[PDB]
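Okay, structure-v6.txt is below, compact mmCIF, C-alpha atoms:
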# COMPACT_ATOMS: atom_id res chain seq x y z
CA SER A 1 0.00 0.00 0.00
CA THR A 2 0.87 3.67 -0.17
CA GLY A 3 -0.52 6.99 1.01
CA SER A 4 -0.07 10.58 -0.12
CA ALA A 5 -1.32 13.71 1.63
CA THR A 6 -0.82 17.41 1.11
CA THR A 7 0.65 19.39 4.00
CA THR A 8 -0.19 23.10 4.28
CA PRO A 9 1.53 25.92 6.19
CA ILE A 10 -0.58 27.22 9.09
CA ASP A 11 0.35 30.85 8.43
CA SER A 12 2.30 33.13 6.11
CA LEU A 13 5.62 32.35 7.86
CA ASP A 14 5.51 28.55 7.63
CA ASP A 15 5.45 28.37 11.46
CA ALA A 16 4.17 24.80 11.13
CA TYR A 17 2.41 22.56 8.61
CA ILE A 18 -0.93 20.74 8.98
CA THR A 19 -2.02 17.57 7.21
CA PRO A 20 -5.58 16.22 7.16
CA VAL A 21 -6.03 12.86 8.95
CA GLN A 22 -9.17 10.73 9.02
CA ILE A 23 -9.93 9.18 12.43
CA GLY A 24 -12.70 6.77 13.25
CA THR A 25 -15.90 5.53 11.63
CA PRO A 26 -17.49 7.55 10.13
CA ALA A 27 -14.34 9.54 9.47
CA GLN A 28 -13.59 12.55 11.65
CA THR A 29 -11.03 14.71 9.83
CA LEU A 30 -8.54 16.56 11.99
CA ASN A 31 -5.61 18.66 10.84
CA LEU A 32 -2.50 17.32 12.52
CA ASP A 33 1.07 18.51 12.80
CA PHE A 34 3.26 15.69 11.45
CA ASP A 35 6.23 15.62 13.77
CA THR A 36 9.33 13.54 13.01
CA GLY A 37 10.68 14.70 16.39
CA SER A 38 8.09 12.90 18.54
CA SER A 39 6.15 9.66 18.64
CA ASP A 40 2.65 10.28 19.98
CA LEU A 41 -0.49 10.72 17.87
CA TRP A 42 -2.62 12.93 20.10
CA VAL A 43 -5.73 14.97 19.39
CA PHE A 44 -7.98 17.65 20.80
CA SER A 45 -11.10 15.76 21.80
CA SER A 46 -14.50 15.79 23.44
CA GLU A 47 -12.54 15.00 26.62
CA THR A 48 -10.34 18.10 26.47
CA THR A 49 -11.01 20.62 29.27
CA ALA A 50 -13.49 23.04 27.68
CA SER A 51 -11.60 26.20 28.64
CA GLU A 52 -8.56 24.80 26.79
CA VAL A 53 -10.33 24.41 23.43
CA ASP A 54 -10.43 27.54 21.21
CA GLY A 55 -11.36 26.81 17.60
CA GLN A 56 -9.79 23.39 17.14
CA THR A 57 -11.63 20.49 15.59
CA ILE A 58 -12.14 17.71 18.14
CA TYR A 59 -12.18 13.93 17.93
CA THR A 60 -15.20 12.45 19.67
CA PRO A 61 -14.57 8.78 20.28
CA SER A 62 -18.16 8.06 21.37
CA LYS A 63 -19.27 8.89 17.80
CA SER A 64 -16.85 6.38 16.27
CA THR A 65 -18.09 2.82 15.90
CA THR A 66 -14.50 1.54 15.64
CA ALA A 67 -13.15 3.41 18.71
CA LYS A 68 -12.12 1.23 21.67
CA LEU A 69 -10.86 2.48 25.03
CA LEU A 70 -7.32 1.32 25.68
CA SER A 71 -8.15 0.43 29.26
CA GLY A 72 -5.86 1.85 31.91
CA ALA A 73 -3.70 3.72 29.42
CA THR A 74 -2.58 7.30 29.98
CA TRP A 75 -0.10 9.56 28.23
CA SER A 76 1.70 12.79 29.02
CA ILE A 77 4.19 14.66 26.88
CA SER A 78 6.34 17.77 27.18
CA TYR A 79 7.96 19.28 24.10
CA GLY A 80 11.23 21.14 23.58
CA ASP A 81 9.34 24.42 23.20
CA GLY A 82 7.87 24.09 26.70
CA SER A 83 4.41 23.03 25.58
CA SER A 84 2.63 19.93 26.91
CA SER A 85 -0.49 17.76 26.84
CA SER A 86 -1.89 14.62 28.48
CA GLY A 87 -4.89 12.32 28.60
CA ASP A 88 -6.14 8.80 27.95
CA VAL A 89 -6.07 6.52 24.90
CA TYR A 90 -8.36 4.91 22.36
CA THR A 91 -7.55 2.64 19.47
CA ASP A 92 -9.25 3.51 16.21
CA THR A 93 -8.93 3.50 12.44
CA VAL A 94 -6.62 6.22 11.13
CA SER A 95 -6.11 7.08 7.47
CA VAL A 96 -3.60 9.43 5.90
CA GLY A 97 -3.89 10.20 2.23
CA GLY A 98 -5.50 6.88 1.38
CA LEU A 99 -3.35 4.71 3.71
CA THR A 100 -5.30 3.08 6.53
CA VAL A 101 -4.14 1.70 9.87
CA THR A 102 -6.64 -0.15 12.02
CA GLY A 103 -6.03 -0.28 15.77
CA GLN A 104 -3.90 2.89 15.86
CA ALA A 105 -3.43 4.40 19.31
CA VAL A 106 -5.18 7.77 19.29
CA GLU A 107 -4.22 9.69 22.40
CA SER A 108 -7.12 11.84 23.52
CA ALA A 109 -6.15 15.05 25.30
CA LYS A 110 -7.76 15.84 28.62
CA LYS A 111 -5.35 18.74 29.15
CA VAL A 112 -3.27 20.87 26.76
CA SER A 113 -0.95 23.78 27.53
CA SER A 114 -1.71 27.35 26.53
CA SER A 115 0.29 27.38 23.28
CA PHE A 116 -1.85 24.57 21.91
CA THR A 117 -5.10 26.26 22.94
CA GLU A 118 -3.86 29.48 21.36
CA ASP A 119 -3.20 27.88 17.98
CA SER A 120 -6.61 27.27 16.43
CA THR A 121 -5.10 25.68 13.30
CA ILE A 122 -3.49 22.61 14.91
CA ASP A 123 -5.88 19.86 16.06
CA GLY A 124 -3.15 17.57 17.35
CA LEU A 125 0.16 15.96 16.50
CA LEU A 126 1.06 12.82 14.58
CA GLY A 127 4.46 11.61 15.71
CA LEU A 128 6.86 10.06 13.21
CA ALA A 129 9.99 9.58 15.32
CA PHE A 130 10.78 6.11 16.70
CA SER A 131 8.18 4.35 18.80
CA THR A 132 10.64 4.09 21.69
CA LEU A 133 9.73 7.73 22.50
CA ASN A 134 6.00 7.06 22.73
CA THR A 135 4.69 8.16 26.14
CA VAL A 136 1.73 5.78 26.57
CA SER A 137 1.77 3.92 29.89
CA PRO A 138 1.73 1.12 30.94
CA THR A 139 2.01 -0.22 27.37
CA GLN A 140 4.03 1.89 24.92
CA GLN A 141 2.23 2.34 21.62
CA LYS A 142 3.50 2.36 18.01
CA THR A 143 3.50 5.31 15.64
CA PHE A 144 1.28 5.44 12.58
CA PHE A 145 4.34 4.73 10.40
CA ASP A 146 5.46 1.81 12.56
CA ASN A 147 1.99 0.27 12.32
CA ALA A 148 1.75 0.81 8.55
CA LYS A 149 5.32 -0.19 7.73
CA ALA A 150 4.91 -3.87 6.96
CA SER A 151 2.00 -3.17 4.61
CA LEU A 152 3.76 -0.43 2.66
CA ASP A 153 5.26 -1.11 -0.75
CA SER A 154 8.56 0.13 0.68
CA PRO A 155 9.16 0.88 4.37
CA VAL A 156 9.66 4.62 3.92
CA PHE A 157 7.95 7.95 4.18
CA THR A 158 9.00 11.23 2.58
CA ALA A 159 8.70 14.87 3.58
CA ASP A 160 8.48 17.48 0.83
CA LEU A 161 7.69 20.73 2.64
CA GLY A 162 6.96 23.89 0.72
CA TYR A 163 8.33 27.39 1.16
CA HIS A 164 5.29 29.60 1.69
CA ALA A 165 3.32 26.88 -0.12
CA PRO A 166 1.80 23.42 0.35
CA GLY A 167 3.87 20.28 0.14
CA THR A 168 3.49 16.53 0.49
CA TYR A 169 3.96 13.62 2.85
CA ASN A 170 4.16 10.28 1.05
CA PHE A 171 4.11 6.85 2.64
CA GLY A 172 5.45 3.72 1.04
CA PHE A 173 7.04 5.12 -2.12
CA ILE A 174 9.54 7.64 -3.43
CA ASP A 175 8.12 10.08 -6.01
CA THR A 176 11.01 10.39 -8.45
CA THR A 177 9.39 13.46 -10.06
CA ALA A 178 9.57 15.42 -6.80
CA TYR A 179 13.31 16.14 -6.65
CA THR A 180 16.29 16.98 -8.89
CA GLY A 181 19.55 15.07 -9.09
CA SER A 182 20.05 12.07 -6.84
CA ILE A 183 19.08 11.26 -3.28
CA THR A 184 22.08 11.06 -0.96
CA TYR A 185 21.55 8.70 1.96
CA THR A 186 23.24 9.11 5.31
CA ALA A 187 23.43 7.06 8.50
CA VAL A 188 20.93 7.37 11.34
CA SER A 189 21.35 6.74 15.04
CA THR A 190 18.12 5.74 16.78
CA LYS A 191 19.74 5.76 20.23
CA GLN A 192 17.80 8.85 21.34
CA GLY A 193 14.64 7.83 19.44
CA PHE A 194 15.11 10.52 16.79
CA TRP A 195 16.01 10.59 13.12
CA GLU A 196 19.51 11.59 14.21
CA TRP A 197 22.28 12.03 11.62
CA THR A 198 25.57 13.87 11.06
CA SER A 199 25.86 16.69 8.56
CA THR A 200 29.30 17.01 6.95
CA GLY A 201 29.51 20.79 7.21
CA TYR A 202 28.22 24.14 6.04
CA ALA A 203 28.72 27.22 3.94
CA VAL A 204 27.37 30.77 4.32
CA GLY A 205 26.24 32.33 1.06
CA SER A 206 28.95 32.06 -1.60
CA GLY A 207 31.57 31.30 1.03
CA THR A 208 33.79 28.25 1.07
CA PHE A 209 32.44 25.05 2.56
CA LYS A 210 33.59 24.22 6.09
CA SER A 211 34.01 20.50 6.66
CA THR A 212 32.86 19.76 10.20
CA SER A 213 30.58 17.11 11.69
CA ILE A 214 27.25 18.43 12.96
CA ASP A 215 25.11 15.83 14.75
CA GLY A 216 21.44 16.71 14.68
CA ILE A 217 17.86 15.58 14.16
CA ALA A 218 15.57 15.83 11.16
CA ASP A 219 12.52 17.33 12.83
CA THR A 220 9.46 18.41 10.84
CA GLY A 221 7.80 19.55 14.08
CA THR A 222 10.36 22.30 14.73
CA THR A 223 10.05 25.50 12.73
CA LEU A 224 13.63 26.75 12.70
CA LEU A 225 17.18 25.54 12.14
CA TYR A 226 19.10 25.24 15.42
CA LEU A 227 22.86 24.80 15.12
CA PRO A 228 25.97 25.31 17.26
CA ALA A 229 26.65 28.87 18.36
CA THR A 230 29.86 29.00 16.30
CA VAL A 231 28.02 28.15 13.06
CA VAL A 232 25.15 30.51 13.80
CA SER A 233 27.51 33.39 14.63
CA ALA A 234 29.34 32.83 11.35
CA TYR A 235 26.05 33.06 9.46
CA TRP A 236 24.71 36.24 11.10
CA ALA A 237 28.08 37.97 10.85
CA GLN A 238 27.33 38.14 7.11
CA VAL A 239 24.09 40.05 7.66
CA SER A 240 24.44 43.79 8.08
CA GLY A 241 22.89 44.95 11.33
CA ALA A 242 22.14 41.48 12.68
CA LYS A 243 22.47 40.94 16.41
CA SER A 244 21.63 38.41 19.09
CA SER A 245 18.96 39.86 21.32
CA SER A 246 18.53 38.44 24.80
CA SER A 247 15.19 40.19 25.17
CA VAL A 248 13.84 38.76 21.91
CA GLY A 249 15.50 35.38 22.44
CA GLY A 250 17.71 35.03 19.41
CA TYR A 251 19.19 36.65 16.35
CA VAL A 252 17.25 39.49 14.75
CA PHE A 253 18.07 41.59 11.71
CA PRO A 254 16.72 44.57 9.81
CA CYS A 255 14.40 43.54 7.07
CA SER A 256 16.21 45.95 4.75
CA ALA A 257 19.12 43.48 4.98
CA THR A 258 19.68 40.80 2.35
CA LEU A 259 20.01 37.29 3.78
CA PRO A 260 22.67 34.97 2.41
CA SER A 261 21.83 31.36 1.68
CA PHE A 262 22.99 28.61 4.05
CA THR A 263 24.35 25.33 2.73
CA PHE A 264 24.52 22.12 4.74
CA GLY A 265 26.39 18.96 3.85
CA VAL A 266 24.86 15.51 3.38
CA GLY A 267 27.83 13.29 2.74
CA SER A 268 29.52 14.79 -0.31
CA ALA A 269 26.23 16.40 -1.39
CA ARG A 270 24.96 19.89 -0.57
CA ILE A 271 21.53 21.30 0.30
CA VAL A 272 21.15 25.03 -0.22
CA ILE A 273 18.67 26.93 1.93
CA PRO A 274 17.83 30.16 0.10
CA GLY A 275 18.20 33.34 2.12
CA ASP A 276 14.46 34.10 2.00
CA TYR A 277 13.72 30.87 3.91
CA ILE A 278 15.62 32.34 6.88
CA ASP A 279 13.31 35.41 7.24
CA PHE A 280 10.59 35.00 9.90
CA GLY A 281 9.24 38.52 9.77
CA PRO A 282 8.85 41.32 12.27
CA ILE A 283 9.33 40.42 15.94
CA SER A 284 6.12 42.35 16.66
CA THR A 285 3.62 44.00 14.33
CA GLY A 286 5.11 47.10 12.76
CA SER A 287 8.66 46.45 13.96
CA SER A 288 11.60 46.92 11.64
CA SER A 289 13.44 44.12 13.47
CA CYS A 290 13.01 40.71 11.85
CA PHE A 291 13.43 37.31 13.51
CA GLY A 292 16.04 34.98 12.10
CA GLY A 293 15.40 31.41 10.98
CA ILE A 294 18.80 30.07 12.01
CA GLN A 295 19.32 30.15 15.77
CA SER A 296 21.68 28.70 18.33
CA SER A 297 21.07 25.25 19.74
CA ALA A 298 23.20 26.03 22.80
CA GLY A 299 21.17 24.93 25.81
CA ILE A 300 18.81 22.73 23.78
CA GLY A 301 21.30 19.91 24.06
CA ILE A 302 20.87 18.86 20.43
CA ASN A 303 21.05 20.42 16.98
CA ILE A 304 17.74 20.48 15.12
CA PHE A 305 17.30 20.45 11.36
CA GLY A 306 13.80 21.86 11.48
CA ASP A 307 11.50 23.06 8.73
CA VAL A 308 13.83 25.86 7.58
CA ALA A 309 16.35 23.21 6.55
CA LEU A 310 13.99 20.39 5.56
CA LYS A 311 11.84 22.50 3.27
CA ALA A 312 14.91 23.12 1.09
CA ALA A 313 15.06 19.38 0.35
CA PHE A 314 13.16 16.27 -0.56
CA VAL A 315 13.70 14.10 2.51
CA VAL A 316 13.43 10.31 2.76
CA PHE A 317 12.82 8.76 6.15
CA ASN A 318 13.89 5.20 5.43
CA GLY A 319 12.55 2.74 7.99
CA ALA A 320 14.40 -0.30 6.69
CA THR A 321 15.83 -2.64 9.30
CA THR A 322 18.75 -0.24 9.54
CA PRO A 323 17.11 3.18 9.17
CA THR A 324 18.75 5.90 7.09
CA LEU A 325 17.89 9.40 5.89
CA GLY A 326 17.95 10.59 2.29
CA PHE A 327 18.23 14.17 1.07
CA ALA A 328 17.80 15.52 -2.45
CA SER A 329 17.66 19.03 -3.84
CA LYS A 330 14.38 20.01 -5.50
As structure tokens, how would this structure be written, given the file I've shared?
Amino acid sequence: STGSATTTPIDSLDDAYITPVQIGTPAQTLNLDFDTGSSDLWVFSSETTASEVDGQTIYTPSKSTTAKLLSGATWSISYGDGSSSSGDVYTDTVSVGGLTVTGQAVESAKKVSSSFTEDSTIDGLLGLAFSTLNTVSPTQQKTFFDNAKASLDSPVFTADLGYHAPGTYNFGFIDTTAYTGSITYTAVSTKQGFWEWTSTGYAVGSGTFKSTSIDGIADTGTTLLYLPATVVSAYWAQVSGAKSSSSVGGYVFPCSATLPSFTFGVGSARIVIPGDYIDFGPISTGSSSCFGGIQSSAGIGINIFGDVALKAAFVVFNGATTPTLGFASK
């Protein structure tokens, strides 16, 4: 089998991407944030504290004839950005772009933190990291991809995120029309449960390429590119008027400035992030100070190749017995 679904930016900055997911019988369609940095499929629901729902579409398991309580099961997650949610668990039928999993754990939120409530466009998350990170207790549950894997034509999914435009998640096949050149594959460590890999270096604009190993994660659920402070400083030093602002919480720059591209290494291959992808707009309405899309990972404890980086590529998440990642230009 295969599946293919369009993913759409939630706002004009590409702060996140939402993908429609059918849950239950009859189908309830929720728009979920596909997150290769986590491993829980959780939804706003009829069980979510009423004061914590503000515009989201909810899953109502009592209206699904295929929903079954996973008795005794609870879940609770905290994300790198400080947000969190928790609740209980049902199993139900979940379809993405034509691909159906029966018996998928659907984690129903009883509580969500303020940032989730405040984002009316995201109805939940669909985790696509390794199932070892899944928070369901007492019995850890499998991701949608893990459940689908054996049925897929090939045990892969691909992320093709758009810049200020829709893109595509495919399951079970590689669309050879969706990228240019060849796909370069690189090794993955699953030891932390992430799609963790080592970039071979970077360049800033037309500058020479610096060969240096940068361990990080391919994370569709993180908006920006977070890299070591050395790398980030080298980038922003090429932007007139850029500075790191403690009060804002990262590098800002005047919008009158021209952003250089940023190149990252995948083996001997190179992915070029155009300068415009690094502009995240005014820090506040009407401000002339713009927020940067490349920021320091210092204090996160890991480097994160988030959407800013991934949307410059066609990315293969290869779930073969030994997982790997593939990157192509597009």
Tell me, as a ChimeraX atom specification, which residues lie within 8 Å of segment 317-330 of chain A, counting only C-alpha atoms; anything in the same chain fewer than 5 positions away does not count. /A:149,155-159,178-188,195,197,266,271-272,312
Just want the 8 Å neighbourhood of residue 111 of chain A, counted on all atoms listed in the file, with same-chain residues fewer than 3 positions away dropped. Output as a PyMOL selection string. chain A and resi 48-49+52+85-87
Near segment 15-18 of chain A, counting only C-alpha atoms, which residues have an atom at most 12 Å away, once you skip same-chain residues fewer than 5 positions from it, shown as a PDB file with C-alpha atoms, in the frame of the given file?
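And here is the file that came out, out.pdb:
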ATOM      1  CA  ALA A   5      -1.320  13.710   1.630  1.00  0.00           C
ATOM      2  CA  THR A   6      -0.820  17.410   1.110  1.00  0.00           C
ATOM      3  CA  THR A   7       0.650  19.390   4.000  1.00  0.00           C
ATOM      4  CA  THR A   8      -0.190  23.100   4.280  1.00  0.00           C
ATOM      5  CA  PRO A   9       1.530  25.920   6.190  1.00  0.00           C
ATOM      6  CA  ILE A  10      -0.580  27.220   9.090  1.00  0.00           C
ATOM      7  CA  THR A  29     -11.030  14.710   9.830  1.00  0.00           C
ATOM      8  CA  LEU A  30      -8.540  16.560  11.990  1.00  0.00           C
ATOM      9  CA  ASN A  31      -5.610  18.660  10.840  1.00  0.00           C
ATOM     10  CA  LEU A  32      -2.500  17.320  12.520  1.00  0.00           C
ATOM     11  CA  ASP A  33       1.070  18.510  12.800  1.00  0.00           C
ATOM     12  CA  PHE A  34       3.260  15.690  11.450  1.00  0.00           C
ATOM     13  CA  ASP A  35       6.230  15.620  13.770  1.00  0.00           C
ATOM     14  CA  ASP A 119      -3.200  27.880  17.980  1.00  0.00           C
ATOM     15  CA  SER A 120      -6.610  27.270  16.430  1.00  0.00           C
ATOM     16  CA  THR A 121      -5.100  25.680  13.300  1.00  0.00           C
ATOM     17  CA  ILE A 122      -3.490  22.610  14.910  1.00  0.00           C
ATOM     18  CA  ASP A 123      -5.880  19.860  16.060  1.00  0.00           C
ATOM     19  CA  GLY A 124      -3.150  17.570  17.350  1.00  0.00           C
ATOM     20  CA  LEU A 125       0.160  15.960  16.500  1.00  0.00           C
ATOM     21  CA  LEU A 126       1.060  12.820  14.580  1.00  0.00           C
ATOM     22  CA  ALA A 159       8.700  14.870   3.580  1.00  0.00           C
ATOM     23  CA  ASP A 160       8.480  17.480   0.830  1.00  0.00           C
ATOM     24  CA  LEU A 161       7.690  20.730   2.640  1.00  0.00           C
ATOM     25  CA  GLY A 162       6.960  23.890   0.720  1.00  0.00           C
ATOM     26  CA  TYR A 163       8.330  27.390   1.160  1.00  0.00           C
ATOM     27  CA  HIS A 164       5.290  29.600   1.690  1.00  0.00           C
ATOM     28  CA  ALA A 165       3.320  26.880  -0.120  1.00  0.00           C
ATOM     29  CA  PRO A 166       1.800  23.420   0.350  1.00  0.00           C
ATOM     30  CA  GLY A 167       3.870  20.280   0.140  1.00  0.00           C
ATOM     31  CA  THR A 168       3.490  16.530   0.490  1.00  0.00           C
ATOM     32  CA  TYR A 169       3.960  13.620   2.850  1.00  0.00           C
ATOM     33  CA  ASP A 219      12.520  17.330  12.830  1.00  0.00           C
ATOM     34  CA  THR A 220       9.460  18.410  10.840  1.00  0.00           C
ATOM     35  CA  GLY A 221       7.800  19.550  14.080  1.00  0.00           C
ATOM     36  CA  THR A 222      10.360  22.300  14.730  1.00  0.00           C
ATOM     37  CA  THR A 223      10.050  25.500  12.730  1.00  0.00           C
ATOM     38  CA  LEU A 224      13.630  26.750  12.700  1.00  0.00           C
ATOM     39  CA  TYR A 277      13.720  30.870   3.910  1.00  0.00           C
ATOM     40  CA  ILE A 278      15.620  32.340   6.880  1.00  0.00           C
ATOM     41  CA  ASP A 279      13.310  35.410   7.240  1.00  0.00           C
ATOM     42  CA  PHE A 280      10.590  35.000   9.900  1.00  0.00           C
ATOM     43  CA  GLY A 281       9.240  38.520   9.770  1.00  0.00           C
ATOM     44  CA  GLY A 293      15.400  31.410  10.980  1.00  0.00           C
ATOM     45  CA  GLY A 306      13.800  21.860  11.480  1.00  0.00           C
ATOM     46  CA  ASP A 307      11.500  23.060   8.730  1.00  0.00           C
ATOM     47  CA  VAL A 308      13.830  25.860   7.580  1.00  0.00           C
ATOM     48  CA  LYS A 311      11.840  22.500   3.270  1.00  0.00           C
TER      49      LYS A 311
END
Counting all atoms listed in the file, which residues have an atom no more than 12 Å from (24.4, 27.0, 2.4) in the file's coordinates? Please list them as a ChimeraX atom specification. /A:201-210,231-232,234-235,259-266,269-275,277-278,294,308-309,312
Under the rule that all atoms listed in the file are counted, which of A:77, A:150, A:290, A:237 is the nearest residue to residue 113 of chain A? A:77
Up to 9 Å from (26.3, 16.6, 15.9) in the file's coordinates: name the residues, counting all atoms listed in the file, as an MDAnalysis selection string. chainID A and resid 196:199 213:217 227:228 302:303
Counting all atoms listed in the file, which residue out of A:297, A:256, A:39, A:289 sits closest to residue 129 of chain A? A:39
Which residues are near residue 282 of chain A? Cut-off 9 Å, all atoms listed in the file, ignore same chain within fewer than 6 positions. Put them as a VMD selection string. chain A and resid 252 254 to 255 288 to 291
By how many Å are atom CA of residue 99 of chain A and atom CA of residue 133 of chain A apart?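 For atom CA of residue 99 of chain A relative to atom CA of residue 133 of chain A, the distance reads 23.1 Å.
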What is the distance between atom CA of residue 4 of chain A and atom CA of residue 24 of chain A, in Å to one decimal?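 So the two atoms, atom CA of residue 4 of chain A and atom CA of residue 24 of chain A, lie 18.8 Å apart.
Among the candidates A:47, A:118, A:40, A:81, the residue lying nearest to residue 143 of chain A is A:40 (atoms considered: all atoms listed in the file).
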Kindly give the distance, in Å, that separates atom CA of residue 72 of chain A and atom CA of residue 127 of chain A, rounded to a single decimal.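 Separating atom CA of residue 72 of chain A from atom CA of residue 127 of chain A is a distance of 21.5 Å.
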Name the residues in contact with residue 44 of chain A at a cut-off of 8 Å, using all atoms listed in the file, excluding same-chain residues fewer than 5 positions from it; report them as a list in words.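 Residues near the query, excluding close chain neighbours: residues 53, 56, 57, 58, 59, 108, 109, 123 and 124 of chain A.
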When distances are computed from only C-alpha atoms, which of A:292, A:55, A:172, A:301 shows the smallest separation from residue 153 of chain A? A:172
